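final_7.cif, holding mmCIF, N, CA and C atoms and all ligand atoms:
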data_entry
#
loop_
_atom_site.label_atom_id
_atom_site.label_comp_id
_atom_site.auth_asym_id
_atom_site.auth_seq_id
_atom_site.Cartn_x
_atom_site.Cartn_y
_atom_site.Cartn_z
N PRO N 1 159.80 128.57 140.64
CA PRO N 1 160.97 128.90 139.81
C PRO N 1 162.05 127.83 139.89
N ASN N 2 163.11 127.98 139.09
CA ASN N 2 164.22 127.04 139.05
C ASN N 2 165.52 127.80 139.35
N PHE N 3 166.06 127.59 140.55
CA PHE N 3 167.33 128.18 140.95
C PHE N 3 168.53 127.43 140.38
N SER N 4 168.32 126.28 139.75
CA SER N 4 169.43 125.44 139.30
C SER N 4 170.34 126.22 138.36
N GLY N 5 171.64 126.00 138.49
CA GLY N 5 172.58 126.68 137.63
C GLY N 5 173.94 126.76 138.28
N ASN N 6 174.91 127.18 137.46
CA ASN N 6 176.28 127.48 137.90
C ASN N 6 176.40 128.99 137.93
N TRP N 7 176.39 129.56 139.13
CA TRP N 7 176.26 130.99 139.30
C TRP N 7 177.62 131.60 139.60
N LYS N 8 177.93 132.72 138.93
CA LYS N 8 179.21 133.40 139.09
C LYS N 8 178.99 134.82 139.56
N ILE N 9 179.77 135.24 140.56
CA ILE N 9 179.52 136.52 141.22
C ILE N 9 179.90 137.68 140.32
N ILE N 10 179.05 138.71 140.29
CA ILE N 10 179.37 139.95 139.58
C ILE N 10 179.43 141.16 140.49
N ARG N 11 178.88 141.11 141.70
CA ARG N 11 178.90 142.27 142.57
C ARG N 11 178.82 141.77 144.01
N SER N 12 179.50 142.48 144.91
CA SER N 12 179.50 142.12 146.32
C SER N 12 179.62 143.39 147.14
N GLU N 13 178.70 143.58 148.08
CA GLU N 13 178.63 144.82 148.84
C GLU N 13 178.43 144.53 150.31
N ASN N 14 179.18 145.25 151.16
CA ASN N 14 179.07 145.22 152.62
C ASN N 14 179.59 143.94 153.24
N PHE N 15 180.36 143.13 152.51
CA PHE N 15 180.87 141.89 153.09
C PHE N 15 181.88 142.16 154.19
N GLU N 16 182.74 143.18 154.03
CA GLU N 16 183.68 143.46 155.11
C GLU N 16 182.96 143.89 156.38
N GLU N 17 181.91 144.70 156.23
CA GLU N 17 181.15 145.17 157.39
C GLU N 17 180.46 144.01 158.10
N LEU N 18 179.99 143.02 157.33
CA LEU N 18 179.41 141.82 157.93
C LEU N 18 180.44 141.07 158.77
N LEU N 19 181.64 140.86 158.22
CA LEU N 19 182.66 140.14 158.97
C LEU N 19 183.10 140.91 160.21
N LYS N 20 183.10 142.25 160.14
CA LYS N 20 183.41 143.05 161.32
C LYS N 20 182.42 142.79 162.46
N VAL N 21 181.11 142.77 162.15
CA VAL N 21 180.11 142.41 163.16
C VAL N 21 180.41 141.05 163.76
N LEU N 22 180.88 140.12 162.94
CA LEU N 22 181.15 138.78 163.40
C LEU N 22 182.49 138.64 164.09
N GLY N 23 183.25 139.73 164.23
CA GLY N 23 184.46 139.70 165.02
C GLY N 23 185.74 139.35 164.28
N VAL N 24 185.71 139.30 162.95
CA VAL N 24 186.91 138.97 162.18
C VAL N 24 187.84 140.18 162.15
N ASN N 25 189.13 139.96 162.40
CA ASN N 25 190.09 141.06 162.45
C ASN N 25 190.40 141.56 161.04
N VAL N 26 190.97 142.77 160.96
CA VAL N 26 190.94 143.54 159.71
C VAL N 26 191.68 142.81 158.59
N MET N 27 192.88 142.28 158.86
CA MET N 27 193.66 141.63 157.79
C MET N 27 192.90 140.46 157.20
N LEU N 28 192.32 139.62 158.06
CA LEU N 28 191.53 138.50 157.57
C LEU N 28 190.26 138.97 156.86
N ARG N 29 189.66 140.08 157.29
CA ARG N 29 188.50 140.60 156.56
C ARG N 29 188.88 140.96 155.13
N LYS N 30 190.02 141.64 154.95
CA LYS N 30 190.41 142.07 153.60
C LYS N 30 190.68 140.87 152.70
N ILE N 31 191.32 139.84 153.23
CA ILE N 31 191.57 138.65 152.42
C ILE N 31 190.29 137.89 152.14
N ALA N 32 189.34 137.88 153.09
CA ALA N 32 188.05 137.23 152.84
C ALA N 32 187.26 137.98 151.77
N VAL N 33 187.35 139.31 151.76
CA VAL N 33 186.74 140.09 150.68
C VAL N 33 187.34 139.69 149.34
N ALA N 34 188.66 139.56 149.29
CA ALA N 34 189.30 139.15 148.04
C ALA N 34 188.85 137.75 147.63
N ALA N 35 188.72 136.83 148.59
CA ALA N 35 188.21 135.49 148.27
C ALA N 35 186.80 135.53 147.71
N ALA N 36 185.96 136.46 148.19
CA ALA N 36 184.58 136.55 147.71
C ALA N 36 184.49 136.99 146.26
N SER N 37 185.55 137.58 145.71
CA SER N 37 185.49 137.92 144.29
C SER N 37 185.66 136.71 143.38
N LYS N 38 185.98 135.53 143.92
CA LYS N 38 185.95 134.27 143.19
C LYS N 38 184.84 133.36 143.71
N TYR N 39 183.86 133.93 144.39
CA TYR N 39 182.75 133.18 144.93
C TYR N 39 181.88 132.64 143.79
N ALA N 40 181.62 131.33 143.82
CA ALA N 40 180.74 130.69 142.85
C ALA N 40 179.74 129.82 143.61
N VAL N 41 178.53 129.71 143.06
CA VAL N 41 177.45 128.96 143.68
C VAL N 41 176.87 128.02 142.63
N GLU N 42 176.89 126.73 142.92
CA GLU N 42 176.28 125.72 142.07
C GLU N 42 175.04 125.20 142.77
N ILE N 43 173.89 125.27 142.09
CA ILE N 43 172.62 124.88 142.69
C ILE N 43 171.98 123.81 141.82
N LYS N 44 171.52 122.74 142.47
CA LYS N 44 170.62 121.78 141.85
C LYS N 44 169.34 121.78 142.68
N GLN N 45 168.23 122.20 142.08
CA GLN N 45 166.94 122.26 142.77
C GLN N 45 166.01 121.19 142.21
N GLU N 46 165.40 120.41 143.10
CA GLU N 46 164.38 119.41 142.72
C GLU N 46 163.17 119.64 143.62
N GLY N 47 162.18 120.36 143.12
CA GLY N 47 161.05 120.70 143.97
C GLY N 47 161.48 121.64 145.08
N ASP N 48 161.19 121.27 146.32
CA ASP N 48 161.60 122.02 147.50
C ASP N 48 162.94 121.57 148.06
N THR N 49 163.66 120.70 147.37
CA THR N 49 164.95 120.20 147.85
C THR N 49 166.06 120.90 147.09
N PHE N 50 167.08 121.35 147.82
CA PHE N 50 168.17 122.13 147.25
C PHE N 50 169.50 121.46 147.57
N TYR N 51 170.33 121.28 146.54
CA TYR N 51 171.72 120.86 146.71
C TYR N 51 172.59 122.02 146.25
N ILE N 52 173.31 122.63 147.17
CA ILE N 52 174.07 123.84 146.88
C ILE N 52 175.53 123.59 147.20
N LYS N 53 176.41 123.97 146.27
CA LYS N 53 177.85 123.93 146.48
C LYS N 53 178.37 125.34 146.29
N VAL N 54 179.00 125.86 147.33
CA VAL N 54 179.59 127.20 147.31
C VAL N 54 181.10 127.04 147.35
N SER N 55 181.82 127.92 146.65
CA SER N 55 183.26 127.72 146.60
C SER N 55 183.97 129.03 146.32
N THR N 56 185.22 129.08 146.74
CA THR N 56 186.16 130.11 146.33
C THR N 56 187.35 129.35 145.75
N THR N 57 188.48 130.03 145.56
CA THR N 57 189.62 129.40 144.89
C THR N 57 190.15 128.19 145.66
N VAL N 58 190.16 128.23 146.99
CA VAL N 58 190.82 127.18 147.77
C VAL N 58 189.88 126.43 148.69
N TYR N 59 188.58 126.73 148.67
CA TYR N 59 187.68 126.18 149.67
C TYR N 59 186.31 125.95 149.05
N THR N 60 185.68 124.83 149.40
CA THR N 60 184.37 124.54 148.86
C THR N 60 183.56 123.81 149.92
N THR N 61 182.25 124.07 149.96
CA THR N 61 181.43 123.33 150.90
C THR N 61 180.03 123.13 150.31
N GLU N 62 179.33 122.15 150.85
CA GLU N 62 178.01 121.77 150.35
C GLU N 62 176.96 122.04 151.41
N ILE N 63 175.85 122.62 150.97
CA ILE N 63 174.70 122.93 151.81
C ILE N 63 173.50 122.27 151.15
N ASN N 64 172.94 121.25 151.79
CA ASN N 64 171.80 120.52 151.25
C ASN N 64 170.64 120.67 152.22
N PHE N 65 169.47 121.01 151.70
CA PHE N 65 168.33 121.23 152.59
C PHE N 65 167.04 121.04 151.81
N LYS N 66 165.97 120.88 152.56
CA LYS N 66 164.61 120.89 152.06
C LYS N 66 163.89 122.03 152.77
N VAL N 67 163.15 122.82 152.00
CA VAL N 67 162.40 123.92 152.60
C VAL N 67 161.51 123.40 153.72
N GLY N 68 161.54 124.07 154.86
CA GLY N 68 160.70 123.74 155.98
C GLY N 68 161.26 122.67 156.89
N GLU N 69 162.46 122.18 156.64
CA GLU N 69 163.05 121.10 157.43
C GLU N 69 164.37 121.58 158.01
N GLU N 70 164.48 121.51 159.34
CA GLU N 70 165.68 121.98 160.02
C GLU N 70 166.91 121.18 159.59
N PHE N 71 168.04 121.87 159.46
CA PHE N 71 169.30 121.23 159.14
C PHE N 71 170.41 121.96 159.90
N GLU N 72 171.61 121.41 159.83
CA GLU N 72 172.76 122.00 160.50
C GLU N 72 173.76 122.49 159.46
N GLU N 73 174.24 123.71 159.65
CA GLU N 73 175.29 124.28 158.82
C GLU N 73 176.17 125.15 159.71
N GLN N 74 176.90 126.08 159.11
CA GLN N 74 177.70 127.03 159.85
C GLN N 74 177.38 128.43 159.38
N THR N 75 177.56 129.41 160.27
CA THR N 75 177.53 130.80 159.85
C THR N 75 178.75 131.09 158.98
N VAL N 76 178.78 132.28 158.37
CA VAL N 76 179.84 132.56 157.40
C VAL N 76 181.20 132.55 158.08
N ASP N 77 181.28 132.94 159.35
CA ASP N 77 182.54 132.91 160.08
C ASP N 77 182.81 131.57 160.76
N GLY N 78 181.95 130.57 160.56
CA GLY N 78 182.28 129.21 160.96
C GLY N 78 181.66 128.71 162.25
N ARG N 79 180.75 129.46 162.85
CA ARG N 79 180.06 128.96 164.05
C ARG N 79 178.95 127.99 163.65
N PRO N 80 178.91 126.78 164.21
CA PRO N 80 177.82 125.85 163.89
C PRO N 80 176.46 126.39 164.30
N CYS N 81 175.45 126.09 163.49
CA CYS N 81 174.12 126.62 163.75
C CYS N 81 173.07 125.63 163.27
N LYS N 82 171.85 125.82 163.77
CA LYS N 82 170.68 125.11 163.28
C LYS N 82 169.92 126.07 162.37
N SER N 83 169.48 125.57 161.21
CA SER N 83 168.94 126.44 160.17
C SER N 83 167.60 125.93 159.69
N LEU N 84 166.77 126.86 159.21
CA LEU N 84 165.45 126.52 158.67
C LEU N 84 165.11 127.51 157.57
N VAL N 85 164.83 127.00 156.37
CA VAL N 85 164.56 127.82 155.19
C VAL N 85 163.06 127.83 154.93
N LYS N 86 162.51 129.02 154.66
CA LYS N 86 161.12 129.18 154.24
C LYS N 86 161.05 130.06 153.01
N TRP N 87 160.01 129.85 152.20
CA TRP N 87 159.69 130.77 151.12
C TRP N 87 159.11 132.06 151.69
N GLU N 88 159.50 133.19 151.09
CA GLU N 88 158.89 134.47 151.37
C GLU N 88 158.03 134.96 150.21
N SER N 89 158.20 134.39 149.03
CA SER N 89 157.47 134.75 147.81
C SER N 89 157.77 133.66 146.80
N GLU N 90 157.31 133.83 145.56
CA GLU N 90 157.54 132.79 144.56
C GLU N 90 159.02 132.56 144.35
N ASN N 91 159.81 133.63 144.38
CA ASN N 91 161.19 133.60 143.92
C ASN N 91 162.21 133.90 145.01
N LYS N 92 161.80 133.97 146.27
CA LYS N 92 162.76 134.30 147.32
C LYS N 92 162.58 133.39 148.53
N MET N 93 163.70 132.93 149.09
CA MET N 93 163.72 132.11 150.29
C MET N 93 164.55 132.79 151.36
N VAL N 94 164.21 132.53 152.62
CA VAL N 94 164.86 133.14 153.77
C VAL N 94 165.25 132.05 154.74
N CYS N 95 166.45 132.15 155.30
CA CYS N 95 166.95 131.16 156.24
C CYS N 95 167.24 131.83 157.57
N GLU N 96 166.59 131.36 158.63
CA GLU N 96 166.89 131.82 159.98
C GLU N 96 167.83 130.83 160.65
N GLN N 97 168.82 131.35 161.37
CA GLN N 97 169.85 130.54 162.00
C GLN N 97 169.84 130.77 163.51
N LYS N 98 170.21 129.73 164.25
CA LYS N 98 170.34 129.82 165.69
C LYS N 98 171.61 129.09 166.09
N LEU N 99 172.49 129.78 166.82
CA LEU N 99 173.76 129.19 167.24
C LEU N 99 173.53 127.90 168.03
N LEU N 100 174.36 126.89 167.75
CA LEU N 100 174.24 125.61 168.44
C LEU N 100 174.86 125.64 169.83
N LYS N 101 175.89 126.45 170.02
CA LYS N 101 176.53 126.63 171.32
C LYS N 101 176.92 128.09 171.46
N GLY N 102 176.89 128.58 172.69
CA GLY N 102 177.25 129.96 172.93
C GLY N 102 176.24 130.92 172.31
N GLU N 103 176.59 132.20 172.37
CA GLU N 103 175.76 133.28 171.85
C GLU N 103 176.56 134.08 170.83
N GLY N 104 175.90 135.06 170.21
CA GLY N 104 176.48 135.83 169.14
C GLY N 104 175.46 136.69 168.43
N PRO N 105 175.84 137.31 167.32
CA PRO N 105 174.89 138.15 166.59
C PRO N 105 173.82 137.29 165.93
N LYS N 106 172.68 137.92 165.66
CA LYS N 106 171.57 137.28 164.96
C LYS N 106 171.89 137.23 163.47
N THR N 107 171.96 136.03 162.90
CA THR N 107 172.39 135.85 161.52
C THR N 107 171.31 135.15 160.70
N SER N 108 171.35 135.40 159.40
CA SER N 108 170.37 134.84 158.47
C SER N 108 170.93 135.01 157.06
N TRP N 109 170.30 134.32 156.10
CA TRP N 109 170.63 134.56 154.70
C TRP N 109 169.36 134.45 153.86
N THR N 110 169.42 135.04 152.67
CA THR N 110 168.33 134.93 151.70
C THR N 110 168.89 134.61 150.31
N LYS N 111 168.04 134.04 149.47
CA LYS N 111 168.34 133.81 148.06
C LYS N 111 167.13 134.21 147.23
N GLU N 112 167.36 134.95 146.16
CA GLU N 112 166.26 135.42 145.33
C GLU N 112 166.64 135.33 143.86
N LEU N 113 165.73 134.81 143.04
CA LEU N 113 165.87 134.83 141.58
C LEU N 113 165.12 136.05 141.05
N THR N 114 165.81 136.90 140.30
CA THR N 114 165.16 138.08 139.75
C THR N 114 164.57 137.77 138.38
N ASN N 115 163.69 138.66 137.92
CA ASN N 115 163.09 138.45 136.61
C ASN N 115 164.05 138.74 135.47
N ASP N 116 165.19 139.38 135.75
CA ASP N 116 166.23 139.62 134.76
C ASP N 116 167.23 138.48 134.65
N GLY N 117 167.07 137.41 135.42
CA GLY N 117 167.97 136.29 135.36
C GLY N 117 169.15 136.34 136.31
N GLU N 118 169.12 137.22 137.30
CA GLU N 118 170.17 137.28 138.31
C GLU N 118 169.75 136.51 139.56
N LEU N 119 170.75 136.02 140.29
CA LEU N 119 170.57 135.46 141.62
C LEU N 119 171.09 136.47 142.63
N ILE N 120 170.26 136.83 143.61
CA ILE N 120 170.68 137.77 144.65
C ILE N 120 170.75 137.02 145.97
N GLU N 121 171.92 137.03 146.59
CA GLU N 121 172.11 136.44 147.90
C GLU N 121 172.38 137.54 148.91
N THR N 122 171.73 137.46 150.07
CA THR N 122 172.09 138.35 151.15
C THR N 122 172.47 137.52 152.36
N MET N 123 173.35 138.07 153.18
CA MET N 123 173.73 137.51 154.46
C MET N 123 173.64 138.63 155.47
N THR N 124 173.07 138.34 156.64
CA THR N 124 172.78 139.37 157.63
C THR N 124 173.39 138.97 158.97
N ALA N 125 174.01 139.95 159.64
CA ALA N 125 174.45 139.82 161.03
C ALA N 125 173.98 141.06 161.78
N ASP N 126 173.02 140.87 162.69
CA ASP N 126 172.34 141.97 163.37
C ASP N 126 171.80 142.97 162.36
N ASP N 127 172.34 144.19 162.35
CA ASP N 127 171.81 145.25 161.51
C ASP N 127 172.51 145.36 160.16
N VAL N 128 173.53 144.56 159.90
CA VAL N 128 174.36 144.70 158.71
C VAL N 128 173.95 143.65 157.68
N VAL N 129 173.65 144.10 156.46
CA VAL N 129 173.27 143.23 155.36
C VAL N 129 174.35 143.28 154.29
N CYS N 130 174.86 142.11 153.92
CA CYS N 130 175.76 141.95 152.78
C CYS N 130 174.95 141.43 151.60
N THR N 131 175.14 142.04 150.43
CA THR N 131 174.42 141.65 149.22
C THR N 131 175.40 141.22 148.13
N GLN N 132 175.16 140.05 147.55
CA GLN N 132 175.98 139.52 146.47
C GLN N 132 175.09 139.13 145.30
N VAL N 133 175.55 139.44 144.09
CA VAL N 133 174.76 139.25 142.88
C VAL N 133 175.53 138.38 141.92
N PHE N 134 174.83 137.43 141.30
CA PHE N 134 175.42 136.42 140.43
C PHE N 134 174.64 136.36 139.12
N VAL N 135 175.31 135.86 138.09
CA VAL N 135 174.68 135.51 136.83
C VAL N 135 175.09 134.09 136.50
N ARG N 136 174.29 133.44 135.65
CA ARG N 136 174.61 132.08 135.25
C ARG N 136 175.83 132.07 134.34
N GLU N 137 176.69 131.07 134.52
CA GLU N 137 177.77 130.85 133.58
C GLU N 137 177.13 130.56 132.22
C1 LIG T 1 173.30 130.23 149.02
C2 LIG T 1 173.07 129.59 150.29
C3 LIG T 1 173.97 129.44 151.28
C4 LIG T 1 173.67 128.74 152.58
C5 LIG T 1 175.29 129.95 151.07
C6 LIG T 1 176.29 129.98 151.93
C7 LIG T 1 177.54 130.53 151.54
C8 LIG T 1 178.69 130.59 152.24
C9 LIG T 1 178.84 130.07 153.65
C10 LIG T 1 179.83 131.20 151.62
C11 LIG T 1 180.89 131.68 152.18
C12 LIG T 1 181.95 132.29 151.39
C13 LIG T 1 181.88 133.57 151.00
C14 LIG T 1 180.64 134.42 151.12
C15 LIG T 1 182.96 134.24 150.19
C16 LIG T 1 183.99 133.29 149.62
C17 LIG T 1 184.32 132.16 150.57
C18 LIG T 1 183.10 131.35 151.00
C19 LIG T 1 182.68 130.46 149.83
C20 LIG T 1 183.48 130.46 152.18
#
Once you've parsed the file, please lay out its structure as structure tokens.
Ligand SMILES: *C\C=C(C)/C=C/C=C(C)/C=C/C1=C(C)CCCC1(C)C
Amino acid sequence: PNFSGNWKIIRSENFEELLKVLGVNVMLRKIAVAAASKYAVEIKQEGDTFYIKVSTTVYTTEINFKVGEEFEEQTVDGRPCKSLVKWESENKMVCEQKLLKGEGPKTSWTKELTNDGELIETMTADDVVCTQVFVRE
């Protein structure tokens, strides 16, 4: 499949509960939820290589990886981690993360292209799954 596109968020669920697991205090959780309503994802896919730019109104970052090749990024709350992405099916990829220093909750993310043209992203911390849904601009 082709994940390439400028993706705009239409739905976001359980993001506050995810940040709670990660230790973010309540006021910052509420503002982070508000920031997620301007969450946009720009993807350029070339084969198994992905160039991803994620952004909100005041913050943007780039995540570049090749499936099956370890890279370094951060968890959603900003802890550095080592990451590895694998395919789970034709249209879905899964990323397992391991903290680079210290310990913490078990975190991961997934990306899936649906047959209706939506992009579904999930982020997981231990038992809590946050789900975000996007459509192409
Ligand atoms: C789609 C693949 C990856 C690795 C996406 C990572 C996304 C983030 C780290 C995004 C974090 C944000 C959220 C969820 C809400 C708005 C503010 C951020 C863009 C920092």
Could I get the residues of chain N with an atom no further than 6.5 Å from an atom of ligand LIG 1 (chain T), each paired with its nearest atom pair and that distance in Å to one decimal, using only N, CA and C atoms and all ligand atoms, sorted by chain and residue number, as CSV?
residue,atom,partner,partner_atom,distance
N:32,C,T:LIG1,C15,5.9
N:35,C,T:LIG1,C16,4.1
N:36,CA,T:LIG1,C15,3.8
N:37,N,T:LIG1,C16,6.0
N:38,C,T:LIG1,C16,6.0
N:39,CA,T:LIG1,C16,4.9
N:40,N,T:LIG1,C19,6.2
N:54,C,T:LIG1,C19,4.5
N:55,C,T:LIG1,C19,4.0
N:56,N,T:LIG1,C19,4.2
N:59,C,T:LIG1,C19,5.8
N:60,CA,T:LIG1,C19,6.2
N:61,N,T:LIG1,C19,6.4
N:63,CA,T:LIG1,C4,6.0
N:74,C,T:LIG1,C9,6.1
N:75,C,T:LIG1,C9,5.4
N:76,CA,T:LIG1,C9,4.6
N:110,C,T:LIG1,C1,6.3
N:111,CA,T:LIG1,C1,6.2
N:121,CA,T:LIG1,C1,6.4
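Restricting the calculation to all atoms listed in the file, the smallest distance between residue 1 in chain N and any of N:21, N:120, N:31, N:113 is found for N:113.
What separates CA of residue 125 in chain N from atom N of residue 109 in chain N is a distance of 8.5 Å.
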Running DSSP on the backbone, which parts of chain N land in alpha helix (DSSP H), as a PDB file with N, CA and C atoms, in the frame of the given file?
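result-v6.pdb, freshly written:
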ATOM      1  N   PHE N  15     180.360 143.130 152.510  1.00  0.00           N
ATOM      2  CA  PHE N  15     180.870 141.890 153.090  1.00  0.00           C
ATOM      3  C   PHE N  15     181.880 142.160 154.190  1.00  0.00           C
ATOM      4  N   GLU N  16     182.740 143.180 154.030  1.00  0.00           N
ATOM      5  CA  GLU N  16     183.680 143.460 155.110  1.00  0.00           C
ATOM      6  C   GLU N  16     182.960 143.890 156.380  1.00  0.00           C
ATOM      7  N   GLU N  17     181.910 144.700 156.230  1.00  0.00           N
ATOM      8  CA  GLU N  17     181.150 145.170 157.390  1.00  0.00           C
ATOM      9  C   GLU N  17     180.460 144.010 158.100  1.00  0.00           C
ATOM     10  N   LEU N  18     179.990 143.020 157.330  1.00  0.00           N
ATOM     11  CA  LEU N  18     179.410 141.820 157.930  1.00  0.00           C
ATOM     12  C   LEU N  18     180.440 141.070 158.770  1.00  0.00           C
ATOM     13  N   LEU N  19     181.640 140.860 158.220  1.00  0.00           N
ATOM     14  CA  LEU N  19     182.660 140.140 158.970  1.00  0.00           C
ATOM     15  C   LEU N  19     183.100 140.910 160.210  1.00  0.00           C
ATOM     16  N   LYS N  20     183.100 142.250 160.140  1.00  0.00           N
ATOM     17  CA  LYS N  20     183.410 143.050 161.320  1.00  0.00           C
ATOM     18  C   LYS N  20     182.420 142.790 162.460  1.00  0.00           C
ATOM     19  N   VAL N  21     181.110 142.770 162.150  1.00  0.00           N
ATOM     20  CA  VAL N  21     180.110 142.410 163.160  1.00  0.00           C
ATOM     21  C   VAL N  21     180.410 141.050 163.760  1.00  0.00           C
ATOM     22  N   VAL N  26     190.970 142.770 160.960  1.00  0.00           N
ATOM     23  CA  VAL N  26     190.940 143.540 159.710  1.00  0.00           C
ATOM     24  C   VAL N  26     191.680 142.810 158.590  1.00  0.00           C
ATOM     25  N   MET N  27     192.880 142.280 158.860  1.00  0.00           N
ATOM     26  CA  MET N  27     193.660 141.630 157.790  1.00  0.00           C
ATOM     27  C   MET N  27     192.900 140.460 157.200  1.00  0.00           C
ATOM     28  N   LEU N  28     192.320 139.620 158.060  1.00  0.00           N
ATOM     29  CA  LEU N  28     191.530 138.500 157.570  1.00  0.00           C
ATOM     30  C   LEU N  28     190.260 138.970 156.860  1.00  0.00           C
ATOM     31  N   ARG N  29     189.660 140.080 157.290  1.00  0.00           N
ATOM     32  CA  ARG N  29     188.500 140.600 156.560  1.00  0.00           C
ATOM     33  C   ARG N  29     188.880 140.960 155.130  1.00  0.00           C
ATOM     34  N   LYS N  30     190.020 141.640 154.950  1.00  0.00           N
ATOM     35  CA  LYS N  30     190.410 142.070 153.600  1.00  0.00           C
ATOM     36  C   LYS N  30     190.680 140.870 152.700  1.00  0.00           C
ATOM     37  N   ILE N  31     191.320 139.840 153.230  1.00  0.00           N
ATOM     38  CA  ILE N  31     191.570 138.650 152.420  1.00  0.00           C
ATOM     39  C   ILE N  31     190.290 137.890 152.140  1.00  0.00           C
ATOM     40  N   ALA N  32     189.340 137.880 153.090  1.00  0.00           N
ATOM     41  CA  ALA N  32     188.050 137.230 152.840  1.00  0.00           C
ATOM     42  C   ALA N  32     187.260 137.980 151.770  1.00  0.00           C
ATOM     43  N   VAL N  33     187.350 139.310 151.760  1.00  0.00           N
ATOM     44  CA  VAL N  33     186.740 140.090 150.680  1.00  0.00           C
ATOM     45  C   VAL N  33     187.340 139.690 149.340  1.00  0.00           C
ATOM     46  N   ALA N  34     188.660 139.560 149.290  1.00  0.00           N
ATOM     47  CA  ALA N  34     189.300 139.150 148.040  1.00  0.00           C
ATOM     48  C   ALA N  34     188.850 137.750 147.630  1.00  0.00           C
ATOM     49  N   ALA N  35     188.720 136.830 148.590  1.00  0.00           N
ATOM     50  CA  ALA N  35     188.210 135.490 148.270  1.00  0.00           C
ATOM     51  C   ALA N  35     186.800 135.530 147.710  1.00  0.00           C
ATOM     52  N   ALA N  36     185.960 136.460 148.190  1.00  0.00           N
ATOM     53  CA  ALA N  36     184.580 136.550 147.710  1.00  0.00           C
ATOM     54  C   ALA N  36     184.490 136.990 146.260  1.00  0.00           C
TER      55      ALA N  36
END
For residue 2 in chain N, please output as a PyMOL selection string all residues within 9 Å (counting only C-alpha atoms; exclusion window: fewer than 6 positions along the same chain).
chain N and resi 44-47+91+113
Can you write just those residues out, N, CA and C atoms, as a PDB file, in the coordinates of the input?
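Contents of again-v5.pdb, freshly written:
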ATOM      1  N   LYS N  44     171.520 122.740 142.470  1.00  0.00           N
ATOM      2  CA  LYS N  44     170.620 121.780 141.850  1.00  0.00           C
ATOM      3  C   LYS N  44     169.340 121.780 142.680  1.00  0.00           C
ATOM      4  N   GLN N  45     168.230 122.200 142.080  1.00  0.00           N
ATOM      5  CA  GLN N  45     166.940 122.260 142.770  1.00  0.00           C
ATOM      6  C   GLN N  45     166.010 121.190 142.210  1.00  0.00           C
ATOM      7  N   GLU N  46     165.400 120.410 143.100  1.00  0.00           N
ATOM      8  CA  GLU N  46     164.380 119.410 142.720  1.00  0.00           C
ATOM      9  C   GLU N  46     163.170 119.640 143.620  1.00  0.00           C
ATOM     10  N   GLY N  47     162.180 120.360 143.120  1.00  0.00           N
ATOM     11  CA  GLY N  47     161.050 120.700 143.970  1.00  0.00           C
ATOM     12  C   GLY N  47     161.480 121.640 145.080  1.00  0.00           C
ATOM     13  N   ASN N  91     159.810 133.630 144.380  1.00  0.00           N
ATOM     14  CA  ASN N  91     161.190 133.600 143.920  1.00  0.00           C
ATOM     15  C   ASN N  91     162.210 133.900 145.010  1.00  0.00           C
ATOM     16  N   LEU N 113     165.730 134.810 143.040  1.00  0.00           N
ATOM     17  CA  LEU N 113     165.870 134.830 141.580  1.00  0.00           C
ATOM     18  C   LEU N 113     165.120 136.050 141.050  1.00  0.00           C
TER      19      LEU N 113
END
Residue neighbourhood residue 128 in chain N, 10 Å, only C-alpha atoms, exclusion window fewer than 6 positions, as a list in words:
residues 14, 15, 17, 18, 19, 20, 21 and 107 of chain N
Which neighbours of residue 137 in chain N fall inside 10 Å, counting only C-alpha atoms, when residues of the same chain fewer than 4 positions from it are skipped, and could you give them as a short mmCIF file (atom, residue, chain, number, x, y, z; two decimals) with N, CA and C atoms, keeping the file's coordinate frame?
data_model
loop_
_atom_site.label_atom_id
_atom_site.label_comp_id
_atom_site.auth_asym_id
_atom_site.auth_seq_id
_atom_site.Cartn_x
_atom_site.Cartn_y
_atom_site.Cartn_z
N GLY N 5 171.64 126.00 138.49
CA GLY N 5 172.58 126.68 137.63
C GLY N 5 173.94 126.76 138.28
N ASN N 6 174.91 127.18 137.46
CA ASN N 6 176.28 127.48 137.90
C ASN N 6 176.40 128.99 137.93
N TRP N 7 176.39 129.56 139.13
CA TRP N 7 176.26 130.99 139.30
C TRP N 7 177.62 131.60 139.60
N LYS N 8 177.93 132.72 138.93
CA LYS N 8 179.21 133.40 139.09
C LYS N 8 178.99 134.82 139.56
N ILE N 9 179.77 135.24 140.56
CA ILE N 9 179.52 136.52 141.22
C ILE N 9 179.90 137.68 140.32
N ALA N 40 181.62 131.33 143.82
CA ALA N 40 180.74 130.69 142.85
C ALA N 40 179.74 129.82 143.61
#
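For the set N:25, N:114, N:64, N:4, the residue with the smallest atom-to-atom gap to residue 43 in chain N is N:4, counting all atoms listed in the file.
One finds atom N of residue 135 in chain N at 27.2 Å from atom N of residue 24 in chain N.
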Could you name the residues that touch residue 106 in chain N at 7 Å or less, counting all atoms listed in the file, but leaving out those on the same chain fewer than 4 positions away, as an NGL selection string?
:N and (97 or 124-126)
Counting only N, CA and C atoms, what is within 8 Å of residue 48 in chain N, bar same-chain residues fewer than 2 positions away, as a ChimeraX atom specification?
/N:45-46,50-51,65-68
Running DSSP on the backbone, which parts of range 11-76 of chain N land in strand (DSSP E or B), as a VMD selection string?
chain N and resid 11 to 13 40 to 46 49 to 55 60 to 66 71 to 74
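Relative to CA of residue 42 in chain N, atom C of residue 86 in chain N is found at 19.2 Å.
For the choices N:88, N:72, N:105, N:33, the atom-to-atom distance to residue 127 in chain N is smallest for N:105 when using only C-alpha atoms.
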Between N:103, N:116, N:96, N:16, which residue has the minimum interatomic distance to residue 69 in chain N, considering only C-alpha atoms?
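Looking at the shortest contact to residue 69 in chain N, the residue is N:96.
Distances from N:132, N:34, N:22, N:71 to residue 57 in chain N were compared using only C-alpha atoms, and the smallest one belongs to N:34.
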